[PDB]
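Spelled out, the chains give:
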Protein chains: 6
Amino acid sequence: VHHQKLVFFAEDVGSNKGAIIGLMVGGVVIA
Amino acid sequence: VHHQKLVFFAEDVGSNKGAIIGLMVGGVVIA
Amino acid sequence: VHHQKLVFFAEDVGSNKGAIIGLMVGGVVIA
Amino acid sequence: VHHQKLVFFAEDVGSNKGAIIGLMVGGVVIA
Amino acid sequence: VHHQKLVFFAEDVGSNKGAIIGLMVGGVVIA
Amino acid sequence: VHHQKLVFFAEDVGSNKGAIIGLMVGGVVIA
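Residues numbered from 1 in each chain as written, not as in the entry; some residues may be left out. Chains lettered and ligands numbered in written order. Heavy atoms only, no water.

Structure determination for this entry is recorded as cryo-EM, at 3.70 Å resolution.

Right under this line is the structure:
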């Protein structure tokens, strides 16, 4: 089974005060 | 089974105070 | 089973005051 | 001339991804 | 002329990814 | 002319990834 580029920016990301997750499965993220 | 580019920006992302998730399956995200 | 490039920026990331996670499975992240 | 407590929380503030301003007069705030 | 307590929290502030300003007058704040 | 306590927390500040300014007048703050 194949997962690829799940998240992708082709361009400048100014910031992130939160959570870029690529693939979550369990637990917690207080981003 | 194949998943690809699920999320994609071809352009500048100013910020994220929240959650860009690509593929969520379980748990919690207080973004 | 194959996972690849799950998160990806082709461009300058100004900052991160949060959490870029690539693949979460359990526990906690107070980002 | 007297200004007092202009903004006030008697209780826990979870977050602020924006701008709590107390007294704005000029310029710019991209919060 | 008298300004006092312009902003005030009587309680725990979890975070601030933005700008608590007390008194702005000019210029810029990219918070 | 008198300015006092312009910003004030009576309680634990978890973090600040931004800008607590007390009194801004000019220039720039990329917080």
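Our focus in this paragraph is the overall build of chain A. Assigned secondary structure in chain A consists of zero helices and two strands. Overall, the C-alpha framework of chain A stretches about 30 × 25 × 5 Å when taken along its three principal axes. When the accessible surface of chain A is totalled, it reaches about 700 Å², and 61% of it is carbon and sulfur. (Helix = DSSP H or I, 4+ residues; strand = E, 2+ residues; numbered from the N terminus. Areas by Shrake-Rupley, 256 points an atom, 1.4 Å probe, with all protein chains shown as cover.)

Glancing now at the sheet that holds strand β1 (residues 2-4) of chain A. Overall, parallel pairing links the three strands, which are arranged β1(B)-β1(A)-β1(C) in an open sheet. At either end of the open sheet lies a strand with only one pairing partner, and these are β1 (2-4) of chain B together with β1 (2-4) of chain C. Adjacent strand axes in the sheet meet at a mean angle of 5° when their direction is disregarded. Summarising the sheet, β1(A) and β1(B) pair through three bridges and their orientation is parallel. Across the sheet, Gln4(A) pairs through a bridge with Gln4(B), a residue of β1(B). (Pairing = 2+ DSSP bridges. Axes fitted to C-alpha atoms, helices over the stretch in contact; angles between N-to-C directions.)

Across the sheet, which stays open at both edges, the three strands sit in the order β1(D)-β1(E)-β1(F) with parallel pairing between neighbours. Every interior strand has two partners, whereas the edge strands, β1 (2-4) of chain D together with β1 (2-4) of chain F, have only one. Neighbour-to-neighbour, the strand axes of this sheet turn through a mean angle of 5°, independent of strand direction.

Moving on: the arrangement of the chains. In this assembly chain C lies apart from chain D, the nearest approach of their C-alpha atoms being 12 Å. Kept free of each other, chain D and chain F leave a smallest C-alpha distance of 8 Å between them. (Contact = heavy atoms within 4.5 Å.)

Put simply, an interface is often sized by how much accessible area is lost when its parts join up. If you look at the interface, chain A gives 31 residues, while chain B gives 31 residues. Carbon and sulfur atoms make up 54% of the surface buried where chain A meets chain B, a total of about 2400 Å² over both sides. If you sort the residues of chain A by the area they bury against chain B, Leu6(A), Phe8(A) and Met24(A) come out on top, with a joint share of 19%. Taken together, the links from chain A to chain B amount to zero salt bridges. (Buried area = accessible area lost by both parts, 1.4 Å probe. Salt bridge = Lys/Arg side-chain N within 4 Å of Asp/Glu carboxyl O.)

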